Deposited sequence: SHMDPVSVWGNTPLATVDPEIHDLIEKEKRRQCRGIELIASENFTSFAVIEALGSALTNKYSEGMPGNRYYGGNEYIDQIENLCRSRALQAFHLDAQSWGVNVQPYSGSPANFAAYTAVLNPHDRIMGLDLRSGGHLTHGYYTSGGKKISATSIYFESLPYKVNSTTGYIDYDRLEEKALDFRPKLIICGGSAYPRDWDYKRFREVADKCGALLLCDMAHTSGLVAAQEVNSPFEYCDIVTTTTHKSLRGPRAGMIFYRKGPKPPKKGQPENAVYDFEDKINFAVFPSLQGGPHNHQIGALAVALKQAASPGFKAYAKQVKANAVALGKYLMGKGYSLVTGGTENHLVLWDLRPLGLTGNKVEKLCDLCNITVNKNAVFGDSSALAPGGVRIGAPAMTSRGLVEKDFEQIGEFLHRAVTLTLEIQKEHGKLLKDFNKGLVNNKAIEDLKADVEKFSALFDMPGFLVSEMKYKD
């Protein structure tokens, strides 16, 4: 005998599965009694979450608006079209010059879909090296020559690097490598680069070697929407992005592509739109995740607001303020500052590896990540998440105090037990000094609001 629809289909989660209910509540507390400094993380809005957990997940809508494989998409179409037009509006794009596909399941899929549209297998790609701040999806093989990223498995990648002493992109060595190697695609954009991008220069290099130019703006998408950093849309043929980082929406990706007539350089037009959409479906993805697309549409509307431009401005200023704080304490920052949402902290001068600081920090509910510079010798630290919780400059200056205390403890433990990791671990067991910091982090964290859910009704 079948369970009545009420019993299995309508009963709240807290009853259907306490185990998972209880774990979600514990993660809810973790997100708001710690200090979240992972530069790729944010806290999204309750509205976005409601769209995300909606009946839109039940619908199959392979294809795209007006070219669907089967019917019943009368309202999905308005949602997707509404999502696409808000995407253009949030980045101030004329619709006669740009289009967007909002179906990619996430960032990595968007990237691989766009490659598939414009490149044949084994075509050459250049992206920012991982160790110089790049991303897996831009290409990565190891020193042994094992191909790690699918970009490196299905295409041929070669990375360009930052200057070995300044930490800035080396635009001359870039140009040099593009002309030896002759990539069909140059990727700009990164995961841990703390400075803005000279897209005009990348366009100078791409025209010199015959390449397409793609920007992957996942990290700074929110800053781009507020016109708070250089717009890659002025110079690139394609822009990919994530929607859950500085943009503060759901986890999803977007591909923006040029349309209309070519800037004279004959009398032809761009041919990206059909190749891009087709690469997404039917080539690479199945049915779009329409709950994600609804949520994104909500996030794109929020992202166009005056309140969101102030958020973007405040993200940059918080990162600067934390940056100037660390430097005033003697600490080294890659490029000696920041122009975007993150700072890159160089720990080799102190004799420390990124692993050791990130472990002790994690012990105090400060989440950072180890990260390469120029074992990883640094940590990446971002402003968006905590800024979304309403922290301003005085507050990030205090986060800086917390970090400074962590590294001190880290040096004191290294000074007492040794440089090897087996030795560093020995001084984490029942450290009364680490405890005192975890408590001070928790009390500081509880002074702030939290978007997405109500802290006044959570189980813990």
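In this chain, the deposited residues that lack C-alpha positions fall in the ranges 1, 267-270, 380-385, 472-473.
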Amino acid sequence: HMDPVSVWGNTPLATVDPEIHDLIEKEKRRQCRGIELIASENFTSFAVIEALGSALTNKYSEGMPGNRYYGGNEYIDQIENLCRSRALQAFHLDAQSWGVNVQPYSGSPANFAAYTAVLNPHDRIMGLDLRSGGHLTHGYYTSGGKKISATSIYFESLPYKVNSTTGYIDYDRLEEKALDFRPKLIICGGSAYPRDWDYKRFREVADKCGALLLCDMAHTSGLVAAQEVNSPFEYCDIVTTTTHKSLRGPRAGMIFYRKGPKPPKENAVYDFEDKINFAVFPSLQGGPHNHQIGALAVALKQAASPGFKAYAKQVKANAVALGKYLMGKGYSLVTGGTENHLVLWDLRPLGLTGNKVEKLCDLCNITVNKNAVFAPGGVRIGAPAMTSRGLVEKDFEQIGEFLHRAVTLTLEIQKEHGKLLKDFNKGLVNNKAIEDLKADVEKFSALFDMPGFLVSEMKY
From here on, numbers count along this sequence of modelled residues.
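For the pair 119-127 and 349-357, the record assigns the higher mean C-alpha temperature factor to 349-357. Per the PDB record, of the two stretches 267-275 and 237-245, 267-275 carries the greater mean B-factor over its C-alpha atoms. As recorded in the entry, 374 carries the highest CA temperature factor of 281, 112, 374, 155.
Out of 214, 296, 327, 255, the entry records its largest CA B-factor for 327. The PDB entry assigns residue 50 a C-alpha temperature factor belonging to the lowest third of its chain's modelled residues. Residue 364 sits in the highest third of its chain by CA B factor, as recorded in the PDB entry. When the modelled residues of the chain are ordered by their C-alpha B factor, residue 59 lands in the lowest third.
Ranked by Cα temperature factor within the chain, residue 173 sits in the highest third according to the deposited record.
In the deposited entry, the Cα temperature factor of residue 71 sits in the middle third of values across the chain's modelled residues.
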